[PDB]
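*Asks:* Attaching a single structure in structure tokens format; questions to follow.
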Amino acid sequence: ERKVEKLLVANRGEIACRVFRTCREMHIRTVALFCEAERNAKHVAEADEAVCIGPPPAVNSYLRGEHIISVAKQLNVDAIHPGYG
Amino acid sequence: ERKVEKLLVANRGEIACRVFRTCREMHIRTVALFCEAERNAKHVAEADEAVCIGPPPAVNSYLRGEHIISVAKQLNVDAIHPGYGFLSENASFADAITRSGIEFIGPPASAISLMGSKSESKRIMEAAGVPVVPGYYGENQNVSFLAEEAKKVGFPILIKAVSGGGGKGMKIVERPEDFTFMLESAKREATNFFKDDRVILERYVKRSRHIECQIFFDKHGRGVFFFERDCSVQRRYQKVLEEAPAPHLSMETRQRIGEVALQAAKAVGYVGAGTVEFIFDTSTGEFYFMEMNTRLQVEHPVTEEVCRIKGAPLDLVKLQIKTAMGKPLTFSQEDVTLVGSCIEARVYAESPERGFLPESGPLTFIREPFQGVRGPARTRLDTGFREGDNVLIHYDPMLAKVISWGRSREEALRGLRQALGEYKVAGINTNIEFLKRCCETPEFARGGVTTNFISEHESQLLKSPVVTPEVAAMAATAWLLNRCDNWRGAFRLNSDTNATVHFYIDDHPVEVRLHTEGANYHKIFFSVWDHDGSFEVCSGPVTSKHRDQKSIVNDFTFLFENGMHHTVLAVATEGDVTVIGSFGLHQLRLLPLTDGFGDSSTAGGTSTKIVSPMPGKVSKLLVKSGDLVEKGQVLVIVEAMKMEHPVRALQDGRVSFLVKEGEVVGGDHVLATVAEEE
């Protein structure tokens, strides 16, 4: 099998905090994602590292899947949980 | 039996708080002891009463056993727990306590005295019949005697010598039926290392792994051995990390380790808690006695995580008070069962890069790892220091102990990793980075590590993360802002701002330059090691206006252009900038730039120095010729009508006298030439 030490989250909100929490028990790293501004949000204050992705409209933010994948590759991420939406 | 309501502690540190805590549950009083000052320390803030004992040196403090006993008598103390160190191993102190009538906690004085000398102790165990590997048999009376007992007393051949660690007589001769090389090796050893011609033969073990079982005894003839332990990992005879469940140890053996241990303790007679230490070779498969300690160890809470009595949590110190109570036990060796695994590590206020030399300094910020249960593991931290405390050089460097109990070894080891990572201290370099390096790359997760395990992997270890050029950016920025309004309200004309910081990383100065474009304090750039980028930075509340030695501790946020974001709690001072974050901890030394700013004189000072007026009559010159004079001492004193009028020259460099005392000299004479030391 393949070891996992880094977890990536796509969406934002309640699911971000939920995915982040249990992660602590499994003792795994965390990564957060946020749109323009949206940096005071709680989830980013819960993760280990957060990255800004771009303009507020959903077309611009959380839909550039290729850019997300390139960023994750640069971070050498182990797993991604898209969430819902 | 005798009632106890007052408890006395000898030593200071983690043991003081531990002994104090359980005491609350038994509902017993407490008393604390402290050296000169040392009154803000935590333990004294935990007891009921504290007494100052005297000067910092250990001779003056915690060693005046008679004074301690007199003070305890005046307080009508019921019991004293020495702890470990100081008077932990001193039979005279225990005998004096017994004569005073106070219930000493520990073994009787006879056992301590007997075990004080190694020869008489090994004599006692040899009489008892415990397998013991001795240090010597007779002497080298005959060279044929070596062949006689080579295959007799000890088949394994340990030639060595009478003394000295050179050991070239050994030659690692593990092959029996050796008779033409052992004598030649011994005779070549005798050359240039004659010492005494007596030679001692023993068994030679290829591998060594340390074992140490725990034991407990009442005073009514009843006891029970606790679970074994492992101390394979140690550097320079200093304990580093240990495991209560010796991985890879058969149950049957565990049982037997007990029967041997109980025989030895019964033979000498024993009361209280103690530990027997063995030495073991995997190839032989047998254990041989090395030493025992008649004192509570530091590793007591570790073995606790792997033992339960009657299904209830075990408290080792509790029983020792109950043993002092005179009550008999309640459980056989059976009621105790092991459950799961645990690992321990010690953190030392030393510098791994340096010669593991202790450092003393105030404790700026101390992160506390989550000491609660979660997942399949229990993690705890015990620290004898808190925020605002300062490390004393007289004491040993010892901050805290971290233990990860678990249902399986894996869980335990994994737990620590994360915890060891989480705990953070700022102000003094620590070996915490070393311990994590000892845990990740070395494949000791298997469980087989020898006594010398640390020695071979020294190349692999002693390694720390590389300071990326970005780390300098956040570190450099914090020092400015955490000192003043740099980049705050700044303004120039038709130009842009600039401010630079110099870091003395390693032995090479480092320069970082920061500047802004636009009307934005927010938009900031950087150029370190010919690497350029942009980021924005948003600070937090301004704190510590007094900017004392602790200086300012504030959280920072940095949004670099690429897209990342970071949070950094920076306690910055003039000496260094410390940044703690997901990268880890890094302290960057600021390039020192101090050198008697003012008194920087390279003048030759050839002639016409400390010239005296006309009357002359020099006398009583108190300076040696050719000795450095930087401070303005009285080089020459001349008297003019009772006018000493000392010249008091401050020109640096050695001063050369051309005059002698009592010699009348003319006006403005060259009494001496104050020249730079060449």
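For the structure tokens, the naming scheme is as follows: chains receive sequential letters (A, B, ...) according to their order of presentation, residues are indexed from 1 within each chain, and ligands are indexed from 1 in presentation order.
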Chain A residues within 8 Å of chain B, counting only C-alpha atoms: which ones, as a list in words?
*Replies:* residues 25, 26, 27, 48, 49, 50, 51, 52 and 53 of chain A
*Asks:* Mind listing the strand (DSSP E or B) residues of segment 255-468 of chain B, per DSSP on the backbone, as a PyMOL selection string?
*Replies:* chain B and resi 272-280+287-293+308-309+312-313+336-337+341-347+350+358+362+365-366+374+377-383+390+400-406+425-426
*Asks:* Keeping only C-alpha atoms, write the selected residues as a PDB file, in the first residue's frame.
*Replies:*
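Saved result, out_38.pdb, follows:
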```pdb
ATOM      1  CA  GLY B 272      10.549  -0.257  49.168  1.00  0.00           C
ATOM      2  CA  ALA B 273      10.993   0.133  45.413  1.00  0.00           C
ATOM      3  CA  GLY B 274      14.095  -0.675  43.391  1.00  0.00           C
ATOM      4  CA  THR B 275      15.491  -1.816  40.066  1.00  0.00           C
ATOM      5  CA  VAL B 276      17.864  -4.620  39.047  1.00  0.00           C
ATOM      6  CA  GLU B 277      19.881  -4.026  35.871  1.00  0.00           C
ATOM      7  CA  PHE B 278      21.163  -6.799  33.607  1.00  0.00           C
ATOM      8  CA  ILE B 279      23.345  -7.036  30.512  1.00  0.00           C
ATOM      9  CA  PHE B 280      22.275  -9.312  27.674  1.00  0.00           C
ATOM     10  CA  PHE B 287      21.498 -12.543  30.729  1.00  0.00           C
ATOM     11  CA  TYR B 288      24.311 -11.784  33.171  1.00  0.00           C
ATOM     12  CA  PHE B 289      24.100  -9.484  36.167  1.00  0.00           C
ATOM     13  CA  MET B 290      25.818  -6.112  35.873  1.00  0.00           C
ATOM     14  CA  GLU B 291      24.516  -3.762  38.572  1.00  0.00           C
ATOM     15  CA  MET B 292      21.539  -2.866  40.763  1.00  0.00           C
ATOM     16  CA  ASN B 293      20.365   0.487  42.155  1.00  0.00           C
ATOM     17  CA  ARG B 308      -2.069  -2.609  35.824  1.00  0.00           C
ATOM     18  CA  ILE B 309      -2.839  -4.127  39.213  1.00  0.00           C
ATOM     19  CA  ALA B 312      -6.677  -0.413  38.305  1.00  0.00           C
ATOM     20  CA  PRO B 313      -4.032   2.196  37.413  1.00  0.00           C
ATOM     21  CA  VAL B 336      -0.457  -7.302  37.760  1.00  0.00           C
ATOM     22  CA  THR B 337      -0.956  -7.483  34.024  1.00  0.00           C
ATOM     23  CA  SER B 341       3.222  -0.396  24.815  1.00  0.00           C
ATOM     24  CA  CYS B 342       4.844   2.965  25.597  1.00  0.00           C
ATOM     25  CA  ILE B 343       7.980   4.940  24.682  1.00  0.00           C
ATOM     26  CA  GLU B 344       9.812   7.785  26.447  1.00  0.00           C
ATOM     27  CA  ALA B 345      12.259  10.535  25.500  1.00  0.00           C
ATOM     28  CA  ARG B 346      14.127  13.178  27.511  1.00  0.00           C
ATOM     29  CA  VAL B 347      14.646  16.769  26.361  1.00  0.00           C
ATOM     30  CA  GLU B 350      21.776  21.640  25.377  1.00  0.00           C
ATOM     31  CA  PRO B 358      24.360  23.194  28.807  1.00  0.00           C
ATOM     32  CA  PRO B 362      15.206  32.846  30.347  1.00  0.00           C
ATOM     33  CA  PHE B 365       7.704  30.917  24.981  1.00  0.00           C
ATOM     34  CA  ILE B 366       6.907  27.295  25.823  1.00  0.00           C
ATOM     35  CA  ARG B 374      -7.201  10.726  21.337  1.00  0.00           C
ATOM     36  CA  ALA B 377      -2.881   6.410  22.164  1.00  0.00           C
ATOM     37  CA  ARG B 378      -2.142   8.277  25.345  1.00  0.00           C
ATOM     38  CA  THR B 379       0.448  11.056  25.365  1.00  0.00           C
ATOM     39  CA  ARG B 380       1.556  12.976  28.450  1.00  0.00           C
ATOM     40  CA  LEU B 381       4.155  15.607  29.275  1.00  0.00           C
ATOM     41  CA  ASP B 382       5.745  16.285  32.653  1.00  0.00           C
ATOM     42  CA  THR B 383       7.815  19.459  32.947  1.00  0.00           C
ATOM     43  CA  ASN B 390      15.121  30.555  33.895  1.00  0.00           C
ATOM     44  CA  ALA B 400      10.456  17.707  30.419  1.00  0.00           C
ATOM     45  CA  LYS B 401       9.634  14.064  29.741  1.00  0.00           C
ATOM     46  CA  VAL B 402       7.219  12.896  27.036  1.00  0.00           C
ATOM     47  CA  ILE B 403       5.635   9.424  27.104  1.00  0.00           C
ATOM     48  CA  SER B 404       3.321   7.861  24.502  1.00  0.00           C
ATOM     49  CA  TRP B 405       1.293   4.944  25.848  1.00  0.00           C
ATOM     50  CA  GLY B 406      -0.523   2.877  23.248  1.00  0.00           C
ATOM     51  CA  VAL B 425      10.498  26.205  23.298  1.00  0.00           C
ATOM     52  CA  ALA B 426      12.067  29.511  22.419  1.00  0.00           C
TER      53      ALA B 426
END
```
*Asks:* Considering only C-alpha atoms, return as an MDAnalysis selection string whatever protein or nucleic-acid residues lie within 9 Å of segment 315-321 of chain B, sequence-local ones (same chain, fewer than 2 positions apart) excluded.
*Replies:* chainID B and resid 4 18:19 22:23 26 79 105:106 216:218 272:273 300:301 304 313 323:326 329
